[PDB]
Amino acid sequence: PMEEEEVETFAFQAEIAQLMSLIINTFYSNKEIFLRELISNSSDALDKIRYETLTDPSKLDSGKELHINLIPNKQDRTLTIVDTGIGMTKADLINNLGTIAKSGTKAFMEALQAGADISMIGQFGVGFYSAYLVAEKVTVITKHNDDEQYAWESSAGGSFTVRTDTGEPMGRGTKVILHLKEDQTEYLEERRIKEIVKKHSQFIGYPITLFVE
Ligand SMILES: Nc1ncnc2c1ncn2[C@@H]1O[C@H](COP(=O)(O)OP(=O)(O)O)[C@@H](O)[C@H]1O
Ligand SMILES: [Mg+2]
């Protein structure tokens, strides 16, 4: 039968919305750091599953090997970052990815308008939004041991949606799908991806694998 999914729309916190507009509509050099930020978030999620384990082993589910996979798709013009980390519940998506204020957001915008490099974004507590330096749309599929699978999505414009994902089960973890802008297709190339992982993510404590078509 036909599947049905409930969709909820949310407004980004005021300053997060301002930061996204700034990011999308201003030229910045060194945009490649978006990958470092996404890999760091996967690394953090993998640390969480590691610390959640041994303590409470009787609640372990999905995935198996703790790792990060990078999957560029030239045909679809997408770059996907997949991890087997802890994942996020529906409440986590809503709270952590848009609705709650970050104390460093205003400071970061002030810094950028005065010439700071976008690379500092991670240190101001808003690293995820660096995804919009290269993506026109971002989809996040996630599955946490304590909830069902959900899909978060935003093309900016001040709001994002969250819905139950009835599509292919992904197992415990998170998948960030970047729909790359027309002028940012260099990030689909094997050599370029290897270059930036070596330059900015050469110390992550988990296996990172690049799948090349
Ligand atoms: N791969 C992921 N797995 C689980 N949670 C994630 C993932 N990526 C982002 N998140 C959530 O989004 C929040 C915001 O990330 P970010 O903007 O990079 O800030 P920070 O890493 O400083 O918390 C993270 O704290 C985490 O709760
Ligand atoms: Mg981060």
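Numbering starts at 1 and runs along the sequence shown. Counting convention: from 1, in listed order, for ligands and their atoms alike.
- Look at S40 and the Mg ion (ligand 2): no N/O/S atom of the residue is under 2.8 Å from the metal.
- Inclusion of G122 in the set of residues having an N or O under 3.5 Å from an N or O of ligand 1 is not warranted.
- Placement of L180 and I24 within a single hydrophobic cluster is found when ILVMFWY residues are connected by side-chain heavy-atom separations under 4.5 Å, directly or transitively.
- A donor-acceptor pair shorter than 3.5 Å can be found between the side chains of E153 and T139.
- The pair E136-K181 does not meet the salt-bridge criterion, since no charged nitrogen lies less than 4.0 angstrom from a carboxylate oxygen.
- Side-chain polar atoms of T166 and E5 form a donor-acceptor pair below 3.5 angstrom.
- Annotation: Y187 is in aromatic contact with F34 [ring centroid separation under 6.0 Å].
- In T174, the part holding a heavy atom less than 4.0 Å from any atom of ligand 1 is the side chain.
- Heavy-atom separations between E37 and ligand 1 are all 4.0 Å or longer.
- In this structure, atom 25 (O) of ligand 1 has no protein heavy-atom contact shorter than 4.0 Å.
- When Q123, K175, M88 are ranked by how near their heavy atoms come to atom 5 (N) of ligand 1, first place goes to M88.
- Inclusion of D83 in the set of residues having an N or O under 3.5 Å from an N or O of ligand 1 is warranted.
- For atom 13 (C) of ligand 1, a protein heavy-atom neighbour is found at a distance under 4.0 Å.
- Annotation: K74, atom NZ; neighbour count of heavy atoms from other residues, nucleotides and ligands within 6.0 Å is above 12.
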Verdict with reasoning, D47 to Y206, per side chain to side chain donor-acceptor pair (under 3.5 Å): CA-CA 9 Å; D47 285 339; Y206 300 97; 2.6 Å; yes

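- Neither the backbone nor the side chain of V140 has any atom closer than 4.0 Å to an atom of ligand 1 (non-hydrogen atoms only).
- Contact atoms of ligand 1 toward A45: 3 (N), 4 (C) (distance under 4.0 Å to a heavy atom of the residue).
- If you number the atoms of ligand 1 from 1 as listed, the ones under 4.0 Å from a heavy atom of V126 come out as 17 (O).
- Listed by number with element, the atoms of ligand 1 under 4.0 angstrom from any heavy atom of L97 are 12 (O).
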Audit row: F211, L70, side-chain contact (heavy atoms from CB on, under 4.5 Å) steps and yes/no: CA-CA 6 Å; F211 293 11; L70 305 183; over 6 Å; no

